[PDB]
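# Overview (structure and organization)
Listed below, chain by chain, are the residues.
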Amino acid sequence: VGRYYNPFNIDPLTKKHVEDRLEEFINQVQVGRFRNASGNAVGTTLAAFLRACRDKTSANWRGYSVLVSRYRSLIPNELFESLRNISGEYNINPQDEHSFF
Amino acid sequence: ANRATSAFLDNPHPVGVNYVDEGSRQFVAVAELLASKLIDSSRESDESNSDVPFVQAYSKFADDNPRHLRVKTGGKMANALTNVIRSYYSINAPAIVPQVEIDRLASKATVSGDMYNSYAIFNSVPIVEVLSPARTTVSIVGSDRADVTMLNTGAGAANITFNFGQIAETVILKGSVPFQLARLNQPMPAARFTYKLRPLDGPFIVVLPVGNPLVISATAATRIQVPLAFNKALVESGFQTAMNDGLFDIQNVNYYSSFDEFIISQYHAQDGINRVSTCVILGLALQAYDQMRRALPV
Amino acid sequence: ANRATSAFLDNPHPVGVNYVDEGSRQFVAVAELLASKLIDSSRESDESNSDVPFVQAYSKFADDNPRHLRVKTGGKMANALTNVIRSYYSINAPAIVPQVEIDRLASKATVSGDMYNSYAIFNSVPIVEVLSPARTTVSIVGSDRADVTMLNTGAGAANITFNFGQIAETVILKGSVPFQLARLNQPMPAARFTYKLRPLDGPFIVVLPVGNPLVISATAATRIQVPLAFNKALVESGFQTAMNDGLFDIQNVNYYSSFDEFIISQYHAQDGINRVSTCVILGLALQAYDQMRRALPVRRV
Amino acid sequence: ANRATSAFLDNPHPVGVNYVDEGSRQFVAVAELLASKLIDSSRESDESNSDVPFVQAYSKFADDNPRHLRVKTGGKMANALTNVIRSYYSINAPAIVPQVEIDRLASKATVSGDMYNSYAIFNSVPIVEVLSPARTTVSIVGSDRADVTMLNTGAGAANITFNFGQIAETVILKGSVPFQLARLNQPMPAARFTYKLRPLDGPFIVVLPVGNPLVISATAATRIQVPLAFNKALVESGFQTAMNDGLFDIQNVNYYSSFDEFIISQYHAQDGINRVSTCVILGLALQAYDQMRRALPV
Amino acid sequence: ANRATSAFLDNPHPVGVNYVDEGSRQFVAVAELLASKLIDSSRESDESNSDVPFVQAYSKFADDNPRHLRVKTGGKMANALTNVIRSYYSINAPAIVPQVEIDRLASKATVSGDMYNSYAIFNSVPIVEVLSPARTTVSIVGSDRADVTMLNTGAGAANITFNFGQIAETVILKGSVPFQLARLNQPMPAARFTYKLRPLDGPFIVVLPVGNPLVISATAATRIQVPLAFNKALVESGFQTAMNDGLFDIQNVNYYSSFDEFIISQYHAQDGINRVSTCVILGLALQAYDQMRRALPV
Amino acid sequence: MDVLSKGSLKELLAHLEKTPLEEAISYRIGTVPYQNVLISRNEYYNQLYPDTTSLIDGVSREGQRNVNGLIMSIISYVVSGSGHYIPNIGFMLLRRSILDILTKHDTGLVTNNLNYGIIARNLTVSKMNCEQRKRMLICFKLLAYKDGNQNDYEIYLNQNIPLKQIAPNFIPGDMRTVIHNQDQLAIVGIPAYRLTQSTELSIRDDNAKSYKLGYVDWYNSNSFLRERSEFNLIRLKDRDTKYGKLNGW
Amino acid sequence: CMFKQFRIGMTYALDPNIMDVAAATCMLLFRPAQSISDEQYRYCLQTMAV
């Protein structure tokens, strides 16, 4: 038996992001003026890409949740307990992360 | 000859005659169904980080979305359910709610509204009359468990007649010391601690020897047709809550400790079968009242 | 002259003043929620013929996967819950649970420690005092249904004063024979079998005629604020389990037949408003204790 | 001789010595400001049909979103304000508000903690002592009215003395019948109904005619430095709420009918200049307590 | 065994049982909000040169455009509010305004009809009875502050029973000279100037020194659930305005000095819970009446 | 937890510099320090388990208002992770650092009459382990140097042979001595042995295991600071440097 | 997701562009908070503020 985090911060009971004010936040960014008091189009560009990330996240979270389970099922209990001792940090380029979502 | 009777059996006040048609029975059942969802959605919302389940349940119950500033009273359904409860208890209570509102509220859910498909067992002990000889003192205490303390100061044994009514199914008699009890015109059996009797059999004669006070403990069971959704624990809680809220405060009515005590008294009075038909609907209404008010306390 | 009082209302022992903060209430609420899952998972495991649901639920409750030989008892959560229950009951309790453990256990579930969401009805009859004249005898028996048997040996009719307190909301009185009762300095009505009284109205006078004894049966209803997860049936069972296991055997404490009598007795005391708040938290903790011990039985006969 | 003194001036209990530094004063001012926005956003949200203004105000005050099925107490700020008030009243009351919590709560808004940039007028009248000779009786009643009933029943003039302390600025005397009052060794003036007095002038000596009892009504005004956002109407209601809520329940403390009586009594005790500094901070905190509790009843 | 009672607690007259529904309560709340806009706009128009802000406010309130030649009276809203105020005070009022008019008026603004989201504190001290022994004269005056003067002519010390109505929360007693006060069958404490009391505790016993009169000043605080727009300053002013305008002239009706005495007196009646709810709705209506009449002097 | 994880004298002394005295105070009522109690340990026994409460515990306990109690609460914080309940301490003292309380004259506390034998008995020294005793001797040495009673420190050490052997060797006024110290003073840390989630019998042992298991969770949490992977993200003040020096010293 | 002990990190330019903010906000939204450390959290806040 074991536990794993659900990918993309989606609660399966509600089938939505953990933050319940996400849609309100995206709309707030769209109307917001940023980097200047006059609009620089930052809000429109960021809100458009943030909405696309959320839509792709909500549509494709089931496959990644199943994928993590299948990978976990390939590990014996003895090997998993050993890997609990190790630790590390992964560095991702900003271009790779945005392109991933 | 002296007569002793149960305190809860005397003068059962008339019950209401309104809201007993098919449409009103549907409304009470619909109220029970939506009140159950309110409690369960309340626990689901508290357990998780989202109040969406509670908003969905309250919207169906109150026809409006909950607001932070406003007190969650319950909407039009809460007002209707309270007024219907008052109407059932006494015939003197007004029938405030119009039928058009009841029909509108009854359309929220698809329920049968049949109130006589199941049964329930009620534990109130009906002692209609205990007839005693001149030198004998008899006292009856309690309803759920009736303790009949009997003392005779005469020279010889005395015969005391018990009458448990014709409605109770079985009555169990237990005594502090073994005693003799038999039906009319039957030989007395040997002294025993426990007696099981059918109340319809007839008046029961108990022999009382001199000295050594004899106290008899009585427990009874009665079967009354009720809807399948009936829950005795939730009905009793609603009865006390409604009584504390003044839903039963009205001139010239009798007050009872429990819904168990209330429904048995109406059964034993004249025109009882049609009285308990209304009391059962009141029980389901109180079961809904208990659930709604616990989720929405005012 | 003579004064008679209820047995369960005499000398309420002080309650604990620890683990009454917001974080502690979250720990109690989390324990109840996770204990409920423990019972439900065990039932599901029996139906599905697999121990996976119970092993998964026990892992969340106890933060460990059990071994076959080692007895399953609940781990740190059971240890903390059992000792916190003792601390609530009396001041003399050690109260030896660290705050780090409480904070860690409260973080297992996202629940709120709200003890004032709803109410409950507690049917224990408070008879603060029954004052009687010299030639009359009064005996008070029972707590859930108090039977007051009064016998007038005196020459004339006597007046007996009833004091039901001020906490109870509704008191219903029934007698073996119809009797007379009215408020202080008010006309006596006709003899009736049943009276419905507000305990706040004032001391009540009953007329005792000379002759056969009169027995008055009393029933009360008190409403106390409790969490929405409160279940009176589970609380009573947990109260009996805690008493039998010996969690309440502290020096200079009073033992009560039910949680109904415990919470009412503390209510009918000085600073009883503050005492009831602690007793409510103890009630939910006892509810968690009953569910957890039923799913994890240790004692054998 | 006979001594008559005002009731509320007797034995002012020691005041709290905690939460009086610059950082703590800033938090109280922040609490008053944020509580005012809560009551203002509450009205606006009621009229505007939307709960957006209230959610923002509650989030600032409580550091969490408003959620249904919650008591809506007010978060950690409400707890800090309540415990801070308790410490102010008595020196024996424990201080249980962490300093880090105070600094965190005071960082929500940028305000100054100045408590000497304005003033307020308090109408409690300090009748410190009234000395009377034999055979005549004097009684002092009230805190705002200060009706003083005196009867002579003696051949000679009573010739009694008054003392209003050195703190009050002006004291106005009125009587049922005209009377004459002088400044100790001063010539008695014409009998008139009214009088205006500076209490620093000295003990005021008044004569009493033998015929009929005289009742004198005294009205006083005192000036105490208070912050700009000090509303006497809100402080009076907050003081009443705190007593009802049980905040002032420490043993060996004195209770007062209103805040003006409390602040005047502490002023007239020895070392009163430092006591009033703590009292005005308590007044500002009580102003925040009333506004927040009315917005979030518990 | 003489009995002494407060003046305003005697014979609380019944209030109207009409205009207490959700739609009616919405109309009263809508009237108060629109009255606030009217008076605020009139201040704004007086400050500036233009009169448009007053014109727009009057158009909403009276449903007609103001005209220079024609008199401004408030339109339909003024008549409905005046009529509804008449009905609340007494059950004998005609209650002539239709329900269709009430619903149409309430549609002008989106405002909740809630009357229990906040609280207010009232200072009328209830003294239901002051049971006095023989050779003992008791006089009780005042409503905001009670002055109780008692004399014992005989040599023996006298015990007096104080009953405070068990509805108030806290009562503070101040005496001219220190006095002893305790509950029934409790030990007598040392003489003190001030006592803090809870009326729920029970009747209180006060001992009387025989030499001199002892007078007790009593102040009480009672909280009553009121709407969040409540303003006691405006409510009291409107209460006087309605009384002078003859709005409360109905046969067999008692009259009170202030709204504080009105709401407290009815709260001590047998049906206190039901009467206070209607009285609160009257208070908000009185607040709207004062604001509208000061803006429109007609 | 954070204090119990300090291994070196430099790390512990640096932590006492940052931490204000309010963390040594508990603000919780607790119970009486020395009392024989019956506790519940159901994993081992059905019968209640006898134990005696002590000041060195992870729970709040009632402490005397005098300067003696304040010193004891500081030591109990260092060796057990939780302090005592001393009511109504002035705000000036609460904002001062723990090191300033022990090693500065600016505070108004007078400690010249402190007796080290009485304190060692109250904060039970026969019950502490070796690391806890070393931490206590650090606090005693700091108080002695501020007070000038360095001889009283030596007489106390000579009366107890085991304490003298394990007494940390540093000068409270020289930083070079602190850097050279090789003593290990970590009560909690990453365990080489296998650590389970089972309970323990004694109050001290069960409370200590709660801190031990909590640190492991804190080790794997996001709040833990990984030097080898995020050293460039750290502020210059908090970065590990060889020339880091305490104020003064 | 499988191992809690692992962490996610980033390095942005000295002058962040719109992509750096987009990458920063995508991490704080769709990655576990237990994977983002306190120091990484401050750096993500700093690059958005710049």
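Each chain carries its own residue count, running from 1 in the order of its written sequence; this scheme can depart from the entry numbering, and residues that have no coordinates do not appear. To label them, take the chains in the order written and letter them from A, then take the ligands in the order written and number them from 1. Each value listed here was derived from the chains shown, which are themselves a piece of a larger assembly. As a rule here, side-chain values cover all heavy atoms of the structure and leave hydrogens and water aside.

Header annotation of the entry names cryo-EM as the structure determination method and lists the resolution as 4.8 Å.

Within the PDB entry, the label attached to chain G reads Vp2, and the organism entered is Banna virus.

The PDB entry annotates chain B as VP8 of Banna virus.

### Considering the overall build of chain B
Helix and strand counts for chain B stand at seven helices and 10 strands. Dimensions along the principal axes, computed over C-alpha positions, put chain B at roughly 75 × 40 × 30 Å. Exposure classes here rest on a 1.4 Å probe applied to the protein chains alone. A residue is buried below 20% of its type maximum, exposed above 50%, and partly exposed in between. Relative to its full complement of 298 residues, chain B shows a buried share of 56%. Surface exposure here means Shrake-Rupley accessible area, sampled with a 1.4 Å probe, where a residue is shielded only by the protein chains that are shown. Total accessible area computed for chain B in this model is approximately 12500 Å², and 52% of it derives from carbon and sulfur atoms. Under the convention used here, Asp and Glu are negative, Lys and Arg are positive, and both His and the chain ends fall outside the count. By convention, the point assigned to a charge is CZ for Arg, NZ for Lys, CD for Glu and CG for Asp. Looking at charge distribution, chain B has the averaged site of its 24 positive side-chain charges lying 3 Å from that of its 26 negative ones. Secondary structure elements follow DSSP: runs of H or I no shorter than four residues count as helices, runs of E no shorter than two count as strands, and numbering proceeds from the N terminus.

### Examining helix 5 (residues 232–244) of chain B
Here helix 5 of chain B contains 13 residues, and its C-alpha end-to-end distance of 19 Å stays within 8% of the 18 Å for a straight helix at 1.5 Å per residue. Three or more residues of helix 5 of chain B are buried, namely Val235, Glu236, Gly238, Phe239, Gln240, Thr241, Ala242, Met243 and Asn244 of chain B. For helix 5 of chain B, the elements touching its buried residues are helix 6 (259–268) and helix 7 (273–295) of chain B together with strand 2 (118–122), strand 7 (170–183), strand 8 (192–197) and strand 10 (214–226) of chain C. Downstream of helix 5 of chain B by one or two residues, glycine 246 of chain B has phi in the positive range, about 80°. Take the number of residues in a helix, subtract one, and multiply by 1.5 Å to get its expected span. The contact definition used throughout considers only heavy atoms, calling two residues in contact when any of these lie within 4.5 Å.

### Observations regarding the nonpolar core
The nonpolar side chains of a soluble globular protein tend to be buried with one another. Throughout, nonpolar core names a set of buried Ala, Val, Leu, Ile, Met, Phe, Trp, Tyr and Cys residues whose side chains join them through atoms within 4.5 Å. With 69 residues, the main nonpolar core has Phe27, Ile85 and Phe248 of chain D as its most contacted residues. The element best represented in this core is helix 7 (residues 273–295) of chain D, accounting for 12 residues. In contact with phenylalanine 248 of chain D, not counting residues within four places along its chain, are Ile85, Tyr89, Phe239, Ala242, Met243, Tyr255 and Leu286 of chain D. Ranked by size, the runner-up nonpolar core spans 67 residues in total, among them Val28, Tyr88, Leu284 and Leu286 of chain C.

### Some details on helix 2 (residues 67–80) of chain F
The periodicity of an α-helix, 3.6 residues per turn, causes residues three or four places apart in sequence to face the same way. With 14 residues, helix 2 of chain F extends 20 Å between its outermost C-alpha atoms, agreeing within 8% with the 20 Å of an ideal straight helix rising 1.5 Å per residue. In terms of residue burial, helix 2 of chain F counts as a mostly covered element, since 13 of its 14 residues are buried.

### A look at the interface of chain G and chain A
Interface extent is often summarised as the accessible area lost during association of the parts. Each partner contributes to the interface: chain G provides 27 residues, whereas chain A provides 37 residues. Buried area: the sum, over both parts, of the accessible surface (1.4 Å probe) that disappears when the two are put together. For the pair chain G and chain A, the summed buried surface comes to about 2900 Å²; carbon and sulfur atoms form 69% of the total. Per-residue buried area on chain G facing chain A is highest for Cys1, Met2 and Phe30 of chain G; these three make up 25% of the total on that side. When a carboxyl oxygen of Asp or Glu lies within 4 Å of a side-chain nitrogen of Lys or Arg, that pair is called a salt bridge. Scanning the region where chain G abuts chain A turns up one salt bridge. In protein, a polar contact requires one atom able to donate a hydrogen and another able to accept it; more generally it is a pair of N or O atoms within 3.5 Å, and residues adjacent in sequence count only if both atoms are side-chain atoms. Run the count over chain G and chain A and you get 10 residue pairs in polar contact.

### Details of the pattern of salt bridges
On inspection of all chains with the given rule, the structure shows 67 salt bridges over all chains. A salt bridge links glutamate 169 of chain B to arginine 198 of chain B; the shortest N-O distance between them is 3.9 Å. On the criterion of sequence distance, the pair formed by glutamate 169 of chain B in the loop between strand 6 (158–163) and strand 7 (170–183) and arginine 198 of chain B in the loop between strand 8 (192–197) and strand 9 (204–208) is long-range, its members being 29 residues apart. Of the charged contacts in the structure, one is a salt bridge between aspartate 206 of chain F and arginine 41 of chain F, with a shortest N-O distance of 3.2 Å. Of this pair, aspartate 206 of chain F sits in helix 10 (residues 203–219) while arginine 41 of chain F sits in the loop between strand 1 (36–39) and strand 2 (49–52); the two residues are 165 residues apart in sequence, bridging distant segments of the chain. In the salt-bridge network here, residues are joined through shared partners; they are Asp63, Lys76, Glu101, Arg104 and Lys108 of chain D.

### Brief notes about the packing of aromatic side chains
Note on aromatic pairs: the rings of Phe, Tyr and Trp (six-membered ring only in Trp) are paired at centre separations within 6.5 Å, and the planes decide the class, stacked below 30 degrees, edge-to-face beyond 60, tilted for the rest. Inspection of every chain in the model, using the stated rule, returns 66 aromatic pairs over all chains. Plain terms: the ring middles of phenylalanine 162 of chain B and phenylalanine 164 of chain B are 5.7 Å apart, the flat faces sit at 25° to each other, and that makes the pair stacked. The buried category is assigned to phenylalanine 162 of chain B, whose relative accessible area is 1%. For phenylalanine 164 of chain B, a relative accessible area of 2% puts it in the buried group. Their ring planes at 65° and their centres at 6.0 Å tell us that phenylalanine 259 of chain E and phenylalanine 262 of chain E sit as a pair that is edge-to-face. Highlighted residues: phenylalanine 259 of chain E and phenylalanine 262 of chain E, both in helix 6 (residues 259–267), separated by three residues, approximately one helical turn. Neither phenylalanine 259 of chain E nor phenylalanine 262 of chain E differs from the other in exposure class; each is buried. The structure contains a cluster of three or more aromatic residues connected by ring pairs, namely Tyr89, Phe122, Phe230, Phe239, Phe248, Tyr256, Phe259 and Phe262 of chain D. Cation placement over rings: the criterion is NZ of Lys or CZ of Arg within 6 Å of the ring centroid and within 35° of the ring normal. Lying across the ring of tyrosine 119 of chain D, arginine 223 of chain D places its NZ or CZ 5.4 Å from the centre.

### What to know about the environment of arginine 86 of chain C
Mapped onto the elements of the fold, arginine 86 of chain C is located in helix 3 (residues 75–89). A relative accessible area of 3% means that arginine 86 of chain C is categorised as buried. For the pair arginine 86 of chain C and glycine 246 of chain C, spaced 160 residues apart in sequence, the C-alpha separation works out to 9.8 Å. Discounting chain neighbours no more than four positions away, the residues touching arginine 86 of chain C are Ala93, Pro94, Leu247, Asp249 and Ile250 of chain C together with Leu38 and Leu48 of chain F. Of note is the side chain of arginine 86 of chain C, whose polar atom sits 3.0 Å from the backbone oxygen of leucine 247 of chain C.

### Quick notes on the packing of helix 1 (residues 22–47) of chain E against helix 4 (residues 99–106) of chain E
Residues and elements named next belong to chain E. Fitted lines through C-alpha atoms give the axes, limited to the stretch in contact for helices. The angle between two N-to-C directions lies from 0 to 180 degrees. Where helix 1 contacts helix 4, the two axes come as close as 8 Å, and the packing angle between them is 50°. By the angle class used here, helix 1 and helix 4 are oblique. As helix 1 packs across helix 4, the resulting crossing turns out to be left-handed. Contacts from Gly23, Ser24, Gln26, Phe27 and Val30 in helix 1 reach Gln99, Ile102, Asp103, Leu105 and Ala106 in helix 4. Each angle receives one of four descriptions, namely roughly parallel if under 35 degrees, roughly antiparallel if over 145, roughly perpendicular if within 65 to 115, and oblique otherwise. Crossing handedness is defined as follows: a turn of the near helix away from the far one that is anticlockwise and smaller than a right angle gives a left-handed crossing, while the clockwise case is right-handed.

### What to know about the side chain of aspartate 51 of chain D
On the secondary structure map, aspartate 51 of chain D appears in the loop between helix 1 (22–48) and helix 2 (52–62). A distance of 3.1 Å separates a polar atom in the side chain of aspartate 51 of chain D from the backbone nitrogen of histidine 68 of chain B. Ignoring any residue separated from it by four or fewer positions in sequence, one finds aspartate 51 of chain D in contact with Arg67, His68 and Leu69 of chain B together with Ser45 of chain D.

### Description of unusual backbone geometry
Unusually for a residue other than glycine, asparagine 9 of chain A sits at a positive phi of about 55°. Its place among the elements puts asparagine 9 of chain A in the segment before strand 1 (10–11). Its relative accessible area of 16% is what places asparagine 9 of chain A among the buried residues. In the Ramachandran plot, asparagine 212 of chain B falls in the positive-phi region, its phi being about 55° despite a non-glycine side chain. As for its placement among the helices and strands, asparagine 212 of chain B is situated in the loop between strand 9 and strand 10 (214–226).

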